[PDB]
């Protein structure tokens, strides 16, 4: 985590309990924006937003020297919020500033983010899987070539063993944590998933990003 401190762990609550996800600081005008999954910050089907959304950059068996960051605005895709549309299971959280210090300023790095890229690219996906065989404490990764959702939606799948808690973690184009972010961990099929699915980052994601990243 110390080497890619833009990636971090998410804690949040709903009426059903206390849960975890992952997220990533993306380059933004407000320097306060993390990319995550829609389902990590909103119920879907017209419901309420998650409560007490906290981001922990470079989490590693606990918060890092970078600390933990509360959300000020949760920015869900409209298709996710209204219909639980997994084709648009992406979102951005706009975090607090601490006495002038934005999360980007504290952590000192943020991922570029790209949209409307070809399908079928090679990805490195990251997150904090929390269900067995994982413990929720470690940054893990998956790597491989994306293929189409066999069930027929616009999502893409990569070979991956990560479990619940990894949702919202970044997909970077290419090998490693240094590429442009171009999707987010959305879902796998239990038990012992072997494919991670992530939504296509098209013009919906781009325009949601433009909006979130400017405050908003």
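Positions refer to the first chain, counted from 1.
Higher mean CA temperature factor between 84-92 and 68-76: 68-76, per the PDB entry. The mean Cα B-factor in the deposited entry runs higher for 147-155 than for the other of 147-155 and 182-190. In the deposited coordinates, the residue among 170, 46, 38, 164 with the greatest CA B-factor is 46. Ranked against the other modelled residues of its chain, the C-alpha B-factor of residue 8 as given in the entry falls in the lowest third.
Sort the chain's modelled residues by C-alpha temperature factor and residue 134 lands in the highest third, per the entry.
When all modelled residues of the chain are sorted by CA temperature factor, residue 58 is found within the middle third. In the PDB entry, a CA B factor belonging to the highest third of its chain's modelled residues is recorded for residue 50. When all modelled residues of the chain are sorted by CA temperature factor, residue 113 is found within the lowest third.
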